[PDB]
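Engineer: Before I ask anything, here is the structure I am working with.
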4 protein chains.
Amino acid sequence: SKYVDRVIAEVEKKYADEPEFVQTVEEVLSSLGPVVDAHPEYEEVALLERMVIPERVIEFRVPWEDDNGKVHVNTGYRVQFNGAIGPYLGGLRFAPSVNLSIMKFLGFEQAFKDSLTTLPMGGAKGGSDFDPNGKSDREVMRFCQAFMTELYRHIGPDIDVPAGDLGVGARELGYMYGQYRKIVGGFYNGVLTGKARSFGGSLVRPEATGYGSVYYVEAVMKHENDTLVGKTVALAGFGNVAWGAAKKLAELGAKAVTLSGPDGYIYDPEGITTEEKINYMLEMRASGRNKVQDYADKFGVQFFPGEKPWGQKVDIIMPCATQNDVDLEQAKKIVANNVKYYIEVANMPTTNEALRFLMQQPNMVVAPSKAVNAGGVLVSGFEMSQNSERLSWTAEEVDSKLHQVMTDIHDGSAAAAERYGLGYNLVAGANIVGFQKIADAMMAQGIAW
Amino acid sequence: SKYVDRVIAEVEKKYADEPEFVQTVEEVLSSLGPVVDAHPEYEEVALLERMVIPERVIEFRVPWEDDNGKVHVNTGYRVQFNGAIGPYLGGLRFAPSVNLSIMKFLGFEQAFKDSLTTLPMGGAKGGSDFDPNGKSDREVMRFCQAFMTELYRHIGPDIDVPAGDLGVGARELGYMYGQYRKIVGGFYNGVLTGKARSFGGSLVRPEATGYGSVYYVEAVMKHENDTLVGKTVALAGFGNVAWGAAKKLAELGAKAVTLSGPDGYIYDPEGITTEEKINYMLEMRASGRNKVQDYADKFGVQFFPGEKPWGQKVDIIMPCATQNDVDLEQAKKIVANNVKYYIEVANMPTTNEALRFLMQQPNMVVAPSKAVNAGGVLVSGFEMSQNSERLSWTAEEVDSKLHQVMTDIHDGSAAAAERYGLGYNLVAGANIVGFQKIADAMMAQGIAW
Amino acid sequence: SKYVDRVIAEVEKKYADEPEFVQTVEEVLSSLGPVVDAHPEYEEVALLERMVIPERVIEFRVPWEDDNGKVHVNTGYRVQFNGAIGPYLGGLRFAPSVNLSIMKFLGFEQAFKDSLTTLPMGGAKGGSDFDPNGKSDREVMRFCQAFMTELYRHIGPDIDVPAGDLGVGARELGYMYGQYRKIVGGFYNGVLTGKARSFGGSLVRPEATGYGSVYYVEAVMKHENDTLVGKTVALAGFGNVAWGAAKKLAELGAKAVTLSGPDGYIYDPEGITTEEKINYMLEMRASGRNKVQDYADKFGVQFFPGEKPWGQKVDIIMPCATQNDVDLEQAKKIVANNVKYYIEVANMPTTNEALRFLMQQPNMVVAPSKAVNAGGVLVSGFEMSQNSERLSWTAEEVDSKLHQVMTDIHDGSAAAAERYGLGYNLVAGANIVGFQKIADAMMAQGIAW
Amino acid sequence: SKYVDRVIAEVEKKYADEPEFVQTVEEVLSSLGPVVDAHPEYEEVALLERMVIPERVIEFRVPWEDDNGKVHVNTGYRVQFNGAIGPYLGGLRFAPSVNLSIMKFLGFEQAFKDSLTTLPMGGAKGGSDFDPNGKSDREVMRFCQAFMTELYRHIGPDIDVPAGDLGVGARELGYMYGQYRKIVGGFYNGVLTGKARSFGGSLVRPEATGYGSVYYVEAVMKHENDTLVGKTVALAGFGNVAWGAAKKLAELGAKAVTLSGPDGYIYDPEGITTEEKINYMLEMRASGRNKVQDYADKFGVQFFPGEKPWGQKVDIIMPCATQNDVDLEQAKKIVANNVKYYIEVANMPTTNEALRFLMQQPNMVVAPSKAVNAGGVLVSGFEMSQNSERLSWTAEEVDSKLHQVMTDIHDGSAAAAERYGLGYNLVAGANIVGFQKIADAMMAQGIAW
């Protein structure tokens with residue numbers, strides 16, 4: 001699309017200093033070529049030019065005192081990218097690398113992911129360059145309070161609902177919510193998601209991402225007249241998402257055989273399929289040791305230090321941990337192993353070279369993270385619904401809706417790709433389904449945003 | 001009722017310059033005689049005197065620029081008549097004839113209609129003397145933005161929820177909502193109803209009015225130990241309501257045999273009962289040609305120019321289009337044809353002379369529009385519920401509730417009429433059921449409003 | 001001006017049912033012909049078409065209980081006509097005749113009067129058809145509370161500042177303010193003017209109108225190389241404005257020789273120039289007897305029952321009481337007496353026939369009320385300034401500013417009339433000066449309002 | 001100061017991509033060394049680290065339609081840098097070069113300038129990459145409305161008061177204010193400064209900057225036991241500031257002899273000291289021709305194309321136009337001419353190399369722009385005071401306060417420099433006086449911001 005090509009060129013030039021953002025825009029816009037070409041009306045209202053600019057960006061100062069009385073200063077961000085279809089929504093990330101470029105990229109992607117869920121949720125991302133590592137509980141609390149003391153004025157249950165991300169878990173959410181309720185003088189607990197149950201959190205929230213990624217894979221087996229049962233899976237991390245996946249895989253007849261750590265990776269040809277095995281992952285996570293070895297020590301299974309599990313022969317690869325985990329180097333090993341299923345779970349766990357490469361492979365199935373990991377945002381939307389109804393749903397209710405929607409995200413993505421003649425391209429399909437709803441909404445709302 | 005008679009006399013005199021409003025009050029209050037007489041307490045708190053005065057009236061200036069850069073000025077209205085039982089609710093009408101008199105009349109009636117639904121909905125009406133005919137899409141957009149830039153401050157999801165009416169459809173709602181969200185800085189999509197699905201609209205909303213009018217007729221057959229099946233129906237228009245009715249009639253064993261236009265009317269003894277036939281109506285509507293002839297041309301069926309279909313012999317008459325469509329002249333032809341069922345669907349499609357006349361006829365069944373067309377406001381209440389829960393209901397869910405409530409509106413109306421000894425007077429029955437809930441609510445709330 | 005002529009024709013037709021409003025627009029717009037013709041740019045932005053439509057109109061229900069427990073229902077109004085140059089400002093009128101037509105007319109005129117003061121004050125008018133006659137203090141209080149319980153949400157110190165008018169004096173202002181502060185939970189006493197001193201009222205407020213009308217007449221003598229001293233004046237009423245005028249006239253070397261009542265009028269060739277004489281007027285006002293006779297009884301001066309003092313030969317005529325007091329019948333007597341000075345003080349105390357007539361008279365000086373009575377709104381602006389500074393000015397300060405501005409209003413009016421070649425036409429001059437500031441402000445603010 | 005040195009090093013590294021901002025911080029912080037060293041307590045509360053981070057940054061999307069119906073998208077900014085001593089305050093700049101770096105730099109400097117005025121004014125800056133060149137009046141209006149539709153929620157008379165800057169003059173302010181009042185539903189005219197008189201603008205506002213820069217120079221003559229009279233001045237531009245300066249210089253016994261344009265510069269050994277001469281500048285400005293030649297054509301004075309007037313021998317140099325106008329190349333010519341007075345008027349009209357150079361010159365007097373051009377922000381504070389009092393001050397009042405404060409800014413700056421042993425260093429002196437008030441305020445307010 002000449003139109004699409006022009007917008008990418010303008011972005012590349014204007015936001016040169018925001019490499020992460022530029023790359024994401026190109027990657028996403030480049031798959032919409034066919035859709036845009038079918039809708040000349042978009043260009044007439046500068047639809048794409050509007051979409052690439054967040055509705056609202058807020059950055060603010062965050063001074064806070066440590067346990068020693070020393071004063072520190074960090075910077076807070078909230079990028080409210082697109083709210084055409086619901087209140088803005090997206091996690092908060094606390095990591096020393098956070099800057100505007102990164103917030104925009106995660107926030108642009110969030111809008112597309114949120115649109116796929118089929119729930120009314122806009123897209124946003126925020127956080128701070130604050131580093132929670134080595135801070136006391138009390139220091140994290142004071143930071144969260146100082147952070148919320150400015151943020152509260154920009155968010156709210158019908159405005160912008162933040163959630164957890166790297167560096168922000170239940171604990172940080174609890175502290176931020178405590179400050180919020182005190183300043184605003186009311187409950188409004190739907191202002192954040194990822195809450196503890198005692199004050200409005202949803203059942204299945206910890207399992208959401210991992211389970212949802214398996215319900216998606218299941219929809220893939222079905223499409224391919226295949227089956228999870230018997231299937232072996234290579235996982236990354238031993239974290240929340242890894243834990244949730246292993247668990248549902250096990251329950252489903254499949255088994256993970258690997259886990260990974262910054263220290264290396266383990267192989268467990270038996271499968272991390274036991275209550276004992278599975279629960280221990282929570283142990284390791286708890287420990288705060290940060291060693292995947294502990295699992296091999298404990299179970300007496302192979303531990304290959306400083307090594308990625310991407311070399312093992314398995315039926316399904318699911319990177320559940322870090323960005324750019326799979327590089328060309330890892331993709332080639334994956335390819336050489338004749339794995340048909342490549343399923344991104346963690347956010348951007350594959351470099352673009354690696355991605356194109358895997359996508360060029362005619363026999364493979366490559367699923368993008370924005371669709372596969374949608375189960376977590378899906379449970380965040382269910383928590384907001386529960387908080388608005390002022391009641392709790394049962395775990396069977398949440399899990400059953402989770403399951404039906406994950407299947408729909410896969411199926412709709414395939415259908416969309418197919419319709420624009422792209423074949424079974426789950427990557428473009430996700431982008432397209434996500435884009436269409438947003439475009440419909442913006443076209444109907446006129447030129448205001 | 002001397003009390004009722006006195007209030008009507010005061011209205012007639014004070015609002016002499018608002019003929020439309022005066023007539024509506026008389027017509028409605030005059031049927032409550034029996035109820036009021038049973039509740040002396042009403043008069044002690046000047047219940048009727050309060051009811052006839054809207055809680056709040058807002059009129060405002062609306063300057064806007066056309067595509068040529070010329071500046072135009074129209075007037076905006078919102079009459080918030082009664083909010084005893086829910087947020088005010090009612091459509092917006094854009095037509096050069098709009099003035100306060102007309103807003104008050106539609107708004108007084110809206111309060112009674114909304115009360116019948118059994119949902120928590122107050123009554124209001126608004127609009128502008130702006131004429132959307134001959135305006136570009138862009139001109140309508142700029143007008144909607146200018147209109148909302150003042151209106152937003154008077155409405156809100158828990159305050160006043162506007163909806164479509166003459167001159168205001170999905171397109172205008174979309175543009176007004178776009179401006180609203182931008183000014184308020186949040187989502188709050190329950191602020192308007194009749195929205196597109198992409199941003200919160202409900203399934204069955206387009207079909208709501210027409211379908212609901214048929215579920216009501218069905219409750220009438222049942223009362224009269226009769227049946228829809230086999231029944232033939234004379235419709236008016238080829239619009240949304242006509243389309244929805246034909247459709248559900250067909251599905252139900254009945255058939256419409258007429259349609260109408262400003263150009264005349266058509267007769268199709270076969271019935272507009274085919275997918276082809278039915279869907280074409282949407283075609284004609286789309287065309288923007290405004291000719292019922294196109295249907296006869298297309299299907300090769302009779303077209304009688306400049307003629308109302310009220311002369312054809314059918315089992316059921318359903319005027320689905322314009323006010324004062326049926327006059328004495330048309331009622332006599334209807335009477336002479338021995339039609340037992342007279343069912344108003346469009347708003348005030350019968351003149352009062354014609355109405356009294358039909359009502360004097362001992363063998364007929366006359367149903368008032370405020371009850372029969374309640375399916376549209378009913379779906380607006382379901383959309384508000386869905387937006388508050390932050391989810392969508394399925395089409396089966398909406399349709400099933402629609403159906404049960406429409407039956408209840410008929411049944412409750414008959415029961416009420418019967419209890420005050422009025423026989424099967426669906427017209428007074430609607431007024432009475434509507435009035436009672438409102439009165440209960442106002443009596444309990446005291447003298448504040 | 002063809003443009004001016006067209007707008008008047010459109011008004012006449014659209015607001016046919018609002019005779020009072022139509023007449024005022026014609027009278028005002030017709031004098032701007034020359035100014036409009038000098039500014040073609042006005043028509044390009046539909047300046048006049050916008051001006052004739054109030055920015056915002058609010059009407060609301062007002063139920064209240066009397067001392068006997070009976071419930072009454074009145075209607076409340078606030079027409080916020082033009083706020084281009086300041087918060088809306090204008091009195092509240094409680095009289096059974098009040099309707100929208102009358103509010104619009106007084107409110108359109110208010111905008112022009114407020115603009116002349118040179119202070120930042122927009123124009124508005126409001127009130128109720130509530131009749132304070134025969135009500136107890138307690139009944140007036142309950143009404144004022146019920147009235148404010150809705151009004152508070154539409155006004156505020158930086159939004160709309162109401163003041164007294166017919167039927168609304170210090171007492172009503174006090175009660176409305178009491179309810180306002182209680183609902184809003186703060187002080188904000190600049191929300192109303194005409195307050196008692198104990199809670200923010202300004203010194204000279206009772207004298208403001210009457211005194212200001214004399215400082216204006218003084219500027220007229222100066223223009224005409226004449227003098228107040230020796231001058232005799234015919235007044236109307238024995239009220240606040242009459243009292244203030246007599247007082248300042250006396251102090252200035254002049255003397256009033258008449259007063260009037262619904263019962264007739266008195267002649268006091270000595271002059272109502274004594275402390276005794278002057279103060280008694282307050283007595284009569286207090287009495288609540290409503291008889292100008294009491295003054296003649298008391299002083300043994302002529303009392304001509306059922307007669308207007310417009311037949312007495314005096315140097316200056318100042319109608320200080322009621323609308324359309326001076327008709328053609330009275331103008332002819334005035335003319336026949338060779339009075340050169342005709343100075344409207346009360347609001348619209350002259351019919352239009354009478355007005356044109358007096359204006360056709362080559363030797364006379366006719367001053368319009370909107371300029372002459374501006375001293376009262378001027379003191380309302382000074383009260384708002386004092387309340388914003390949170391202090392009180394001395395009486396010398398208020399009186400001295402009052403005086404300088406009244407002179408300026410006369411002088412600017414003459415200068416303006418002169419510049420458009422109209423001669424010493426104080427009537428058109430007022431309209432023109434008032435219009436120009438408003439037009440400047442609207443042109444600079446764009447097409448929003 | 002090791003502390004100061006450390007903060008600069010951190011800034012340089014963290015904001016590498018914001019060169020303009022980095023340079024400004026270094027330049028300002030490096031002169032505070034002596035003050036910081038005297039207050040160890042600052043470092044204990046991370047005072048400098050907090051100061052270099054704006055309290056709040058807002059960026060937002062700005063879609064707007066041109067006269068042809070085409071849709072454009074720009075980006076809006078508001079950097080609310082420091083509000084310790086008053087509502088944030090600072091101009092809006094519309095220029096295609098605008099980005100966050102530039103907003104931060106102008107906004108950091110604004111905080112120091114505003115602090116010097118002695119009025120309660122914080123510091124901020126905002127704008128858009130929108131280019132007003134070649135736009136119609138109507139296009140600028142639509143942009144201003146779209147811009148304000150988001151901005152209004154972040155500003156307000158007690159929060160953030162924007163003012164004009166490059167690309168934003170009375171016209172843009174008028175349009176933005178029009179939209180603001182319409183959305184907020186009240187007056188609050190103190191929300192912006194630089195307004196037209198009709199709606200609250202202050203007398204002397206157009207003359208403020210230029211006049212104030214001359215009252216400062218006068219305080220310099222006094223310090224140096226010298227005199228303006230007889231003095232000759234080289235100006236840059238023929239704009240507002242140049243016009244105001246020439247005017248007051250003339251009146252004071254001095255004379256400008258040069259003016260400049262993008263086309264070259266003119267020399268008028270007589271002096272641009274005549275009503276005719278002076279007023280023509282307004283002519284040239286009006287013309288929109290953008291040619292300083294027109295002055296030479298008109299007066300028959302020398303015009304040296306493509307040349308800066310920095311080579312002429314005069315007593316005083318006052319660059320009143322563009323950034324980095326004076327480079328090393330121009331400073332050397334200035335130096336070689338033995339000019340003692342170097343007075344920056346325009347914002348950053350000298351490069352840093354040039355600055356250091358001039359500052360190394362033992363016989364010269366170099367005055368920084370942040371102090372010299374403070375007269376414009378000073379009149380903005382007086383306009384806010386007038387709008388809060390709801391009255392206007394006379395021109396003599398504004399001018400007299402302007403004058404006394406400008407003298408004080410010079411005198412306090414010298415006194416401060418002197419106290420920290422820096423001699424007559426007006427550049428460091430400005431920084432120091434500005435910094436001290438801000439530091440006092442932040443130390444007293446604690447660690448919140």
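Residue numbering restarts at 1 for every chain of the structure tokens, chains are lettered A, B, ... in their displayed order, and ligands are numbered from 1 as they appear.
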Hey, what's within 12 Å of residue 391 (chain D) if we count only C-alpha atoms and toss same-chain stuff fewer than 2 positions away? As an mmCIF file with N, CA and C atoms, in the first residue's frame, please?

Structural biologist:
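This is the output file out.cif:
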data_model
loop_
_atom_site.group_PDB
_atom_site.id
_atom_site.type_symbol
_atom_site.label_atom_id
_atom_site.label_comp_id
_atom_site.auth_asym_id
_atom_site.auth_seq_id
_atom_site.Cartn_x
_atom_site.Cartn_y
_atom_site.Cartn_z
ATOM 1 N N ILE C 85 -17.787 38.699 27.313
ATOM 2 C CA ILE C 85 -16.903 39.644 28.015
ATOM 3 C C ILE C 85 -16.857 39.518 29.530
ATOM 4 N N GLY C 86 -17.589 38.552 30.089
ATOM 5 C CA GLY C 86 -17.570 38.340 31.536
ATOM 6 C C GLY C 86 -18.564 37.263 31.890
ATOM 7 N N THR C 117 -20.913 49.311 30.953
ATOM 8 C CA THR C 117 -20.316 49.651 32.225
ATOM 9 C C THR C 117 -18.856 49.730 32.155
ATOM 10 N N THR C 118 -18.293 49.072 31.156
ATOM 11 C CA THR C 118 -16.846 48.947 30.987
ATOM 12 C C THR C 118 -16.309 47.872 31.908
ATOM 13 N N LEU C 119 -17.141 47.233 32.700
ATOM 14 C CA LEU C 119 -16.610 46.136 33.547
ATOM 15 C C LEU C 119 -16.825 44.790 32.783
ATOM 16 N N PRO C 120 -16.135 43.717 33.203
ATOM 17 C CA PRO C 120 -16.265 42.416 32.532
ATOM 18 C C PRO C 120 -17.531 41.736 33.017
ATOM 19 N N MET C 121 -18.612 41.985 32.309
ATOM 20 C CA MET C 121 -19.854 41.420 32.747
ATOM 21 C C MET C 121 -20.648 41.071 31.505
ATOM 22 N N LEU C 378 -23.327 48.577 37.895
ATOM 23 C CA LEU C 378 -21.961 49.012 38.150
ATOM 24 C C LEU C 378 -21.567 48.662 39.603
ATOM 25 N N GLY C 381 -20.929 45.007 39.955
ATOM 26 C CA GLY C 381 -19.556 44.640 39.548
ATOM 27 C C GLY C 381 -18.515 45.006 40.650
ATOM 28 N N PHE C 382 -18.701 46.151 41.298
ATOM 29 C CA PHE C 382 -17.790 46.556 42.384
ATOM 30 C C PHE C 382 -17.948 45.572 43.557
ATOM 31 N N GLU C 383 -19.172 45.102 43.849
ATOM 32 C CA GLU C 383 -19.365 44.128 44.941
ATOM 33 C C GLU C 383 -18.599 42.840 44.582
ATOM 34 N N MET C 384 -18.721 42.385 43.339
ATOM 35 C CA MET C 384 -17.980 41.171 42.894
ATOM 36 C C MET C 384 -16.473 41.388 43.041
ATOM 37 N N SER C 385 -15.982 42.577 42.682
ATOM 38 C CA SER C 385 -14.543 42.868 42.884
ATOM 39 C C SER C 385 -14.170 42.805 44.368
ATOM 40 N N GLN C 386 -14.995 43.393 45.234
ATOM 41 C CA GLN C 386 -14.717 43.405 46.659
ATOM 42 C C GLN C 386 -14.755 41.995 47.193
ATOM 43 N N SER C 388 -14.050 39.311 45.559
ATOM 44 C CA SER C 388 -12.858 38.589 45.040
ATOM 45 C C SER C 388 -11.591 39.020 45.786
ATOM 46 N N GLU C 389 -11.489 40.305 46.139
ATOM 47 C CA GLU C 389 -10.341 40.780 46.915
ATOM 48 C C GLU C 389 -10.466 40.399 48.379
ATOM 49 N N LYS C 401 -15.913 55.989 41.897
ATOM 50 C CA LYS C 401 -15.825 55.221 40.649
ATOM 51 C C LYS C 401 -17.186 55.284 39.936
ATOM 52 N N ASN D 189 -11.368 34.160 32.693
ATOM 53 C CA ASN D 189 -10.497 34.650 31.641
ATOM 54 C C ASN D 189 -9.029 34.729 32.030
ATOM 55 N N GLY D 190 -8.703 34.510 33.294
ATOM 56 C CA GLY D 190 -7.301 34.577 33.741
ATOM 57 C C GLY D 190 -6.586 33.255 33.301
ATOM 58 N N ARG D 197 -8.227 43.478 24.808
ATOM 59 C CA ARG D 197 -8.805 44.275 25.899
ATOM 60 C C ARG D 197 -10.256 43.964 26.097
ATOM 61 N N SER D 198 -10.968 43.703 25.019
ATOM 62 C CA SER D 198 -12.412 43.488 25.117
ATOM 63 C C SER D 198 -12.794 42.367 26.059
ATOM 64 N N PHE D 199 -11.878 41.431 26.280
ATOM 65 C CA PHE D 199 -12.211 40.329 27.184
ATOM 66 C C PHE D 199 -11.187 40.134 28.262
ATOM 67 N N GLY D 200 -10.598 41.222 28.706
ATOM 68 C CA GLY D 200 -9.704 41.132 29.847
ATOM 69 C C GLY D 200 -8.243 41.418 29.668
ATOM 70 N N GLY D 201 -7.822 41.721 28.445
ATOM 71 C CA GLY D 201 -6.391 42.020 28.178
ATOM 72 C C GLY D 201 -5.946 43.270 28.943
ATOM 73 N N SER D 202 -4.637 43.381 29.231
ATOM 74 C CA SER D 202 -4.094 44.529 29.973
ATOM 75 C C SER D 202 -3.534 45.609 29.057
ATOM 76 N N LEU D 203 -3.654 46.864 29.502
ATOM 77 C CA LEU D 203 -3.036 47.967 28.796
ATOM 78 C C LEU D 203 -1.533 47.654 28.913
ATOM 79 N N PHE D 382 0.420 40.928 35.774
ATOM 80 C CA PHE D 382 -0.485 42.055 36.066
ATOM 81 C C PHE D 382 -1.853 41.773 35.421
ATOM 82 N N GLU D 383 -1.892 41.175 34.219
ATOM 83 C CA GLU D 383 -3.182 40.851 33.578
ATOM 84 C C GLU D 383 -3.922 39.836 34.470
ATOM 85 N N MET D 384 -3.215 38.819 34.951
ATOM 86 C CA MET D 384 -3.842 37.814 35.857
ATOM 87 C C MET D 384 -4.373 38.498 37.118
ATOM 88 N N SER D 385 -3.613 39.443 37.675
ATOM 89 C CA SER D 385 -4.119 40.196 38.847
ATOM 90 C C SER D 385 -5.389 40.977 38.495
ATOM 91 N N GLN D 386 -5.397 41.647 37.344
ATOM 92 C CA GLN D 386 -6.547 42.433 36.933
ATOM 93 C C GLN D 386 -7.726 41.522 36.703
ATOM 94 N N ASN D 387 -7.490 40.393 36.070
ATOM 95 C CA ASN D 387 -8.616 39.510 35.856
ATOM 96 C C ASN D 387 -9.162 38.955 37.202
ATOM 97 N N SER D 388 -8.291 38.716 38.179
ATOM 98 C CA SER D 388 -8.748 38.210 39.501
ATOM 99 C C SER D 388 -9.516 39.295 40.264
ATOM 100 N N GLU D 389 -9.086 40.555 40.145
ATOM 101 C CA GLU D 389 -9.808 41.656 40.788
ATOM 102 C C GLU D 389 -11.062 42.022 40.016
ATOM 103 N N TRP D 393 -6.498 48.091 35.258
ATOM 104 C CA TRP D 393 -5.687 49.149 35.874
ATOM 105 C C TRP D 393 -5.467 50.113 34.741
ATOM 106 N N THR D 394 -5.065 51.331 35.070
ATOM 107 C CA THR D 394 -4.763 52.304 34.040
ATOM 108 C C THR D 394 -3.369 52.013 33.458
#

Engineer: Residues near region 135-138 of chain C, anyone? I mean within 9 Å using only C-alpha atoms, not counting same-chain ones fewer than 6 positions away, as JSON, numbers by chain.

Structural biologist: {"C": [66, 67, 171]}

Engineer: Residue 305 (chain C): which residues within 10 Å, counting only C-alpha atoms, same-chain residues fewer than 4 positions away excluded, as a ChimeraX atom specification?

Structural biologist: /C:260-266,292-293

Engineer: By how many Å are CA of residue 431 (chain D) and CA of residue 418 (chain D) apart?

Structural biologist: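 Separating CA of residue 431 (chain D) from CA of residue 418 (chain D) is a distance of 13.0 Å.
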
Engineer: As a short mmCIF file (atom, residue, chain, number, x, y, z; two decimals) with N, CA and C atoms, in the first residue's frame, please: the residues near residue 90 (chain C) (cut-off 7 Å, only C-alpha atoms, same-chain neighbours under 4 positions excluded).

Structural biologist:
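Resulting contents of out.cif:
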data_model
loop_
_atom_site.label_atom_id
_atom_site.label_comp_id
_atom_site.auth_asym_id
_atom_site.auth_seq_id
_atom_site.Cartn_x
_atom_site.Cartn_y
_atom_site.Cartn_z
N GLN C 110 -29.91 43.24 28.84
CA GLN C 110 -28.90 43.18 29.94
C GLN C 110 -27.48 43.07 29.39
N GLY C 123 -24.28 39.06 30.04
CA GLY C 123 -25.67 39.45 30.26
C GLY C 123 -26.58 38.24 30.45
N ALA C 124 -27.49 38.32 31.41
CA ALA C 124 -28.43 37.24 31.65
C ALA C 124 -29.64 37.82 32.40
N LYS C 125 -30.68 37.01 32.55
CA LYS C 125 -31.87 37.40 33.31
C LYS C 125 -32.54 36.12 33.74
N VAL C 161 -23.77 35.39 37.81
CA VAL C 161 -24.00 36.05 39.09
C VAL C 161 -25.36 36.75 39.05
N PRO C 162 -26.34 36.19 39.76
CA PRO C 162 -27.69 36.79 39.77
C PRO C 162 -27.73 37.97 40.73
N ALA C 163 -28.75 38.79 40.56
CA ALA C 163 -28.89 39.97 41.37
C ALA C 163 -30.40 40.20 41.56
#

Engineer: What are the residues of chain A that have an atom within 6 Å of an atom of chain D, counting only C-alpha atoms, as a PyMOL selection string?

Structural biologist: chain A and resi 45-46+55-61+71

Engineer: Find the distance between CA of residue 432 (chain A) and CA of residue 409 (chain A) and write it in Å to one decimal.

Structural biologist: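 Value for the CA of residue 432 (chain A)-CA of residue 409 (chain A) distance: 11.5 Å.
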
Engineer: If you count only C-alpha atoms, which residues fall within 7 Å of region 173-179 of chain A, apart from same-chain ones fewer than 6 positions away, as a PDB file with C-alpha atoms, in the first residue's frame?

Structural biologist:
ATOM      1  CA  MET A 141       5.593   0.986  49.162  1.00  0.00           C
ATOM      2  CA  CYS A 144       4.187   3.260  44.831  1.00  0.00           C
ATOM      3  CA  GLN A 145       2.489   5.908  46.984  1.00  0.00           C
ATOM      4  CA  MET A 148       0.078   7.138  42.544  1.00  0.00           C
ATOM      5  CA  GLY A 164       0.856  -5.446  36.407  1.00  0.00           C
ATOM      6  CA  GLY A 194      -4.318  -7.863  39.169  1.00  0.00           C
ATOM      7  CA  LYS A 195      -5.710  -7.129  42.652  1.00  0.00           C
TER       8      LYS A 195
END

Engineer: Just the strand (DSSP E or B) stuff from region 103-316 of chain D, please, per backbone DSSP, written as a PyMOL selection string.

Structural biologist: chain D and resi 123-128+156+160-163+165+168+232-235+255-256+258-261+264-267+302-305+316

Engineer: What does the structure give for the distance between CA of residue 352 (chain B) and CA of residue 334 (chain B), in Å to one decimal?

Structural biologist: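 These two atoms are separated by 15.3 Å.
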
Engineer: Could you pull out all residues of region 96-269 of chain C with a DSSP call of helix (DSSP H, G or I) and give them as JSON, numbers by chain?

Structural biologist: {"C": [100, 101, 102, 103, 104, 105, 106, 107, 108, 109, 110, 111, 112, 113, 114, 115, 116, 137, 138, 139, 140, 141, 142, 143, 144, 145, 146, 147, 148, 149, 150, 151, 152, 153, 154, 170, 171, 172, 173, 174, 175, 176, 177, 178, 179, 180, 181, 182, 183, 184, 189, 190, 191, 197, 198, 199, 208, 209, 210, 211, 212, 213, 214, 215, 216, 217, 218, 219, 220, 221, 222, 223, 240, 241, 242, 243, 244, 245, 246, 247, 248, 249, 250, 251, 252]}

Engineer: Skipping near chain neighbours, those fewer than 2 positions away, what residues fall within 6 Å of region 361-371 of chain C using only C-alpha atoms, listed as a PyMOL selection string?

Structural biologist: chain C and resi 113+340-345+347+358-359+373-374+426-427

Engineer: With distances taken over only C-alpha atoms, which of A:106, A:100, A:193, A:436 is nearest to residue 156 (chain A)?

Structural biologist: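 For residue 156 (chain A), the nearest of the given residues is A:193.
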